[PDB]
Amino acid sequence: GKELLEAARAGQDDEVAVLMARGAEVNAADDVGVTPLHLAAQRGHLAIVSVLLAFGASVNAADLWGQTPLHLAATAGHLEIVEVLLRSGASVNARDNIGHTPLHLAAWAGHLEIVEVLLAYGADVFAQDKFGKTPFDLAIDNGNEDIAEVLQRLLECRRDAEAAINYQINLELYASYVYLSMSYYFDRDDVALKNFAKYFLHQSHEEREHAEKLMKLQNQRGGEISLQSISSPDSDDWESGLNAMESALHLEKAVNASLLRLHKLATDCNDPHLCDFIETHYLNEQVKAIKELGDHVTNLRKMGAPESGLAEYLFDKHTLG
Amino acid sequence: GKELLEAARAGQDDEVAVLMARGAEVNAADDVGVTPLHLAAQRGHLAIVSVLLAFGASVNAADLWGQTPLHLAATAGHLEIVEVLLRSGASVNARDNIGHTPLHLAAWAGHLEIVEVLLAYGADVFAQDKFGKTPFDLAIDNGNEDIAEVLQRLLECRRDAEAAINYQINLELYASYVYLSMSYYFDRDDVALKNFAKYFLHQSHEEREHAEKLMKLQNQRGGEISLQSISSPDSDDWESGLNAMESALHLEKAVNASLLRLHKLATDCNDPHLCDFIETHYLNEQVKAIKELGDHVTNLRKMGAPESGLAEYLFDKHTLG
Amino acid sequence: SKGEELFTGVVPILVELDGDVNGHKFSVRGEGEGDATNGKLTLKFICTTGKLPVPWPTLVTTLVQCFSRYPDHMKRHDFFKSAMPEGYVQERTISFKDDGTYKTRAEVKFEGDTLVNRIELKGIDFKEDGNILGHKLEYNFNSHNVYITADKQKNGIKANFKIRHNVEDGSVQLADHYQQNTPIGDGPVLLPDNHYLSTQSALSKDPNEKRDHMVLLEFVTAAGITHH
């Protein structure tokens, strides 16, 4: 009923064994709320926590102070207990009264391997306590040096991915604006080409769908969209249909280069979902766009444009309409 | 008719050249079934095997003992012949009478580079001979040290991927059970919320489809499903709709963490199909689930729950139904 | 230096065995090739003396350890090597349980560069309506080991081992083999401490030979020292 806890505290693995074989209280709440699992985690005793878990102990046991065996085990420094608790269902994001999470304590105490296993199981790096500190702060105010480095790397990966997605949103909005300009150039009455105009209006709308997809993505990730100013296109007079097609080709190539840079960034920081998203929705459309626009340019050049009217007229009639 | 074989054996590349230019037997079966290609592979003579392949030799030539030029070439130690034979259609998984495959001999003899090129072309690491040994055994009983290491790494990668897929099956079955408990909590008559109940029953069934997908996957890979015991949910009384939604949120986050660990494992062991499977079927559903459940939690918290009836009533009416 | 060189490449073999077993005279010729670098031997035996009363599995054990794969760490414990082309002789006794015995002398050497092996056999003390000889045992083979021990009395070695031949009805026959290995020359032969030697082999037939044939390929290699 109560005589098991002192044997757990003294490390009497055989005594708690023989006394738990006989019907005994496994989920004992004590004079301050310390279950035998808590005391078996404070001291480093793997056999006791194993034979206690097998007999039906609770890994999440709300101590009178707000602690859990994972808290005390991460604070102590015993890695095997941390592993066997994480595999049994311990919650990596449980709070104290101060608000500390097991990673706060892992960073304060200075346990690198425990920090790694806690980061693998879903502990978040920018979580705060009541007083406003993140594990990186408890790491830098205590001289624990490498905890700080491996947490700074993750903070920086998240910040840089957020920034690159914002820049891609701005780049697609700019491309949409450039295509709108191109389209209303071919609508003048000294440039009377209607299917060039329809072509570039269609591209203008597709490029806005592209940017809204990235906005939705960044809201799904929990990041912050920060919209910016959209530059005006470099020209108002796109001299001909050939020159406009070549400018669209260079623009599509620049967009594709930015996508490749963002993909390499998401690969460095171990982000499978971002890489899958980029290559599923964005890398096969750019290849097809570049192929098609290069086809248009060689067709127009062979037919004899720009020095030939009746080349752009018949291209506009037969290929674009 | 027969005078070419002794010139192949002596390494007379020019003689077999001038004699094969003149109409000669290329697929010669000899007094024990040794074709000029076999003898050209035993000794290291790349020019002879090239001029024999060009003239229509058979790379799979069933010797009277069961050998093939790939067997003798892998046993000897000549890498260039192994490459030019593998590119010409040699079968990496042909057997002797003992049952040895070219990798068995590559591991016995101690040829590291040949072991690598044979592993690139589809030689399997756990294949046995009649006496029951795998290439790792022939490697460890002969002092060949690094063959053993690079084969142990592969054996371990396969074992660990099998184990992680089993653990993911168990985790999704447990999540399905937890949702079933949640759903039949809101069906009591002191908890009269019907659309909370329908919600959590739907999630309960989706999570079983998720686990059957992984079972099918592991049968497609040739692994062994090993089912285990399913723990019971931690609570029978989920105090309110807010608390149940928050518990579902933490559960979905734990499942997502396990998926990320398994993806990193499949990335370390060079397994493109497993990574593609994980990010195609599993990583975009978890993101949407977490987004939706966090939306539900903030809506409920703003409306004034749990300290407000008429908050969960109207949430149940308007959002869940 | 010299004794190890003589096996740099392939070696053709010619094995002659003349035996007398209970009024049964027989000659056996075997043709094939071997390499010591991989401990590999590949042979085909044929009896030009008609049908033979003893099963083929019996003749397998008694038909060139000079070809076993030897590593660079046992370069100092290869007794069979240091004596080439010096050669050597071996006297073997094989003892069947639940039947008689064989006494077999063999002289092994190089002849030119062909390995010719002359063996004389006297097998007696058997019951001629039995199983070990009466073709009741199964046409198969298993993996085996040989224990080689230094013998300063003959400045050579002794080799002892035990073979288990399974019968078509689950039972096994355990033949115990002794042999004394001694070199012909008085030169310095490398002295191996007692260690073991693993051996595997496989038996098969030619599909288009009308005589009595037995094709066999085999891998043989030694060990016993736990070196660095």
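Residues numbered from 1 in each chain as written, not as in the entry; some residues may be left out. Chains lettered and ligands numbered in written order. Part of a larger assembly, values for the part shown. Heavy atoms only, no water.

**Side note on the sheet that holds strand 5 (residues 101-108) of chain C**
Residue and element names in this part refer to chain C. Spatial ordering of the closed barrel is given by 1-2-3-11-10-7-8-9-4-5-6, a layout of 11 strands whose pairing is mixed. On average, each strand axis in the sheet is tilted by 20° relative to the strand beside it, whichever way the strands run. When strand 5 meets strand 6 (residues 115-124), the two strands line up antiparallel, connected through 8 bridges. Among the inter-strand pairings, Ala106 is bridged to a residue of strand 6, identified as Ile119. (Pairing = 2+ DSSP bridges. Helix = DSSP H or I, 4+ residues; strand = E, 2+ residues; numbered from the N terminus. Axes fitted to C-alpha atoms, helices over the stretch in contact; angles between N-to-C directions.)

**Describing a nonpolar patch on the surface**
Residue and element names in this part refer to chain A. Together, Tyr177, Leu180, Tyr184 and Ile230 make up a nonpolar patch on the protein surface, roughly 380 Å² of accessible area in all. Note that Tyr177 resides in helix 10 (residues 145-185). When its relative accessible area of 38% is taken as the criterion, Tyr177 is described as partly exposed. (Patch = residues over 30% accessible without salt bridge, like charges linked within 9 Å, V, L, I, M, F, W, Y side chains within 5 Å. Areas by Shrake-Rupley, 256 points an atom, 1.4 Å probe, with all protein chains shown as cover. Salt bridge = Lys/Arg side-chain N within 4 Å of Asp/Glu carboxyl O. Buried < 20%, exposed > 50% of the residue type's maximum accessible area, 1.4 Å probe, protein only.)

**Focus: the interface of chain C and chain B**
Facing the 20 residues of chain C at the interface are 18 residues of chain B. Note on chain C versus chain B: buried area summed over both sides is about 1,700 Å², and carbon and sulfur give 62% of it. It is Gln200(C), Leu217(C) and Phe219(C) that lose the most area in chain C upon contact with chain B, and together they represent 31% of the buried surface on that side. Run the count over chain C and chain B and you get 0 salt bridges. In this assembly, chain C and chain B are joined by 1 residue pair in polar contact. Here the element with the most residues in the side of chain C that touches chain B is strand 11 (residues 213-223) of chain C; it accounts for 5 residues. Residues of the side of chain C that touches chain B, tallied by class, amount to 9 nonpolar, 7 polar and 4 charged. (Contact = heavy atoms within 4.5 Å. Buried area = accessible area lost by both parts, 1.4 Å probe. Polar contact = N/O pair within 3.5 Å; in protein donor to acceptor, adjacent residues only side chain to side chain. Nonpolar A, V, L, I, M, F, W, Y, C, P; charged D, E, K, R; others polar.)

**Topic: the side chain of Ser82(C)**
Residue and element names in this part refer to chain C. Within the element layout of this structure, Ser82 appears in helix 2 (residues 79-82). Looking at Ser82, its side chain comes within polar contact range of the main-chain oxygen of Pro188, at 3.0 Å. Filtering out sequence-adjacent residues up to four positions away, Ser82 remains in contact with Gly3, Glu4, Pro188, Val189 and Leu190.

**A look at the arrangement of the chains**
Once contacts are tallied for each of the 2 pairs of chains in contact, the highest total is for chains B and C. At the level of C-alpha atoms, the two units chain A and chain C stay apart, their nearest approach being 33 Å.

**With respect to the relation of the copies chain B and chain A**
When chain B is fitted to chain A, the best match, at an RMSD of 0.0 Å, comes from turning it 120° and sliding it 0.0 Å along the axis. As the rotation angle and translation indicate, the two copies are arranged about a three-fold axis. Of every C-alpha in chain B, the one belonging to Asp276(B) sits nearest the axis of rotation, 4.9 Å from it. Here only 9% of the interface residues in chain B have copies in chain A that are interface residues too; the copies meet through unlike faces. (Least-squares fit on C-alpha atoms.)

**Notes on the nonpolar core**
Ranked by internal contacts, the top residues of the largest apolar core, which has 55 residues, are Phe45(C), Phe67(C), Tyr102(C) and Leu115(C). Other than its neighbours up to four places away in sequence, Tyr102(C) contacts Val21(C), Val54(C), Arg92(C), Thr93(C), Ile94(C), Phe96(C), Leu121(C), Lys122(C), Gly123(C) and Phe126(C). Counting residues in hydrophobic clusters, the runner-up holds 46 residues, among them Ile165(B), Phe186(B), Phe277(B) and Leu320(B). (Core = buried A, V, L, I, M, F, W, Y, C linked by side-chain atoms within 4.5 Å.)

**Concerning the state of the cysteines**
What the rule picks out here adds up to 2 disulfides over all chains. One disulfide in the model links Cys157(A) with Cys269(A); its S-S distance is 2.0 Å. When the S-S torsion is -70°, as for the bridge of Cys157(A) with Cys269(A), the disulfide is left-handed. Within this pair, whereas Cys157(A) is found in helix 10, its partner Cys269(A) is found in the loop between helix 12 (241-268) and helix 13 (272-281), the two being separated by 112 residues in sequence. Judged by its relative accessible area of 24%, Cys269(A) is partly exposed. You can see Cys275(B) has no disulfide; the closest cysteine sulfur is in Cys269(B), sitting 9.6 Å from it. (Disulfide = S-S within 2.5 Å.)

**Some words on the interface of chain B and chain A**
Contacts between the two partners involve 11 residues from chain B, matched on the other side by 10 residues from chain A. Both faces combined, the contact of chain B with chain A buries some 940 Å², and carbon together with sulfur accounts for 57% of it. Three residues stand out in chain B for area buried against chain A, namely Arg261(B), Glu279(B) and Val287(B), and they jointly supply 43% of the buried area on that side. Put simply, chain B and chain A have 0 salt bridges between them. The interface formed by chain B and chain A contains 1 residue pair in polar contact. Counting residues per element, the ones that place at least two in the side of chain B that touches chain A are helix 12 (241-268) and helix 14 (283-303) of chain B. Counting residues per element, the side of chain B that touches chain A draws most heavily on helix 14 of chain B, which supplies 5 residues.

**Details of the environment of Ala266(B)**
Residue and element names in this part refer to chain B. Within the secondary structure, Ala266 is located in helix 12. For the pair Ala266 and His100, spaced 166 residues apart in sequence, the C-alpha to C-alpha distance is 30 Å. Contact partners of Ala266, with chain neighbours within four places excluded, come to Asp271, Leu274 and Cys275.

**Quick look at helix 11 (residues 194-221) of chain A**
An α-helix turns once per 3.6 residues; consequently, residues spaced three or four apart project the same way. All names here are of chain A. Helix length check: helix 11 (28 residues) gives 42 Å between terminal C-alpha atoms against 40 Å at 1.5 Å per residue, within 8%. Taken together, the buried positions of helix 11 are occupied by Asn195, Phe196, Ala197, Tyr199, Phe200, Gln203, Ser204, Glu207, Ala211, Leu214, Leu217 and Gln218. Against the buried residues of helix 11 lie helix 10, helix 12, helix 13, helix 14 (283-303) and helix 15 (312-318). Just downstream of helix 11, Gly222 is the residue with a positive phi angle, here 90°. (Expected span 1.5 Å × (residues − 1).)

**Re the UniProt feature "binding site: Fe cation 1" in chain A**
Residue and element names in this part refer to chain A. UniProt tags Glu172, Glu207 and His210 as "binding site: Fe cation 1". Across 39 residues of sequence, these annotated residues stay compact in space, with a maximum C-alpha separation of 6.9 Å. Beyond its immediate stretch of four places on either side in the chain, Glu207 contacts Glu172, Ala175, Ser176, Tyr179 and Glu252. Along the chain, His210 turns up in helix 11. Aside from chain neighbours lying at most four places away, what touches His210 is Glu172 and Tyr282. (UniProt positions renumbered as here; feature names shortened; annotations may be inferred.)

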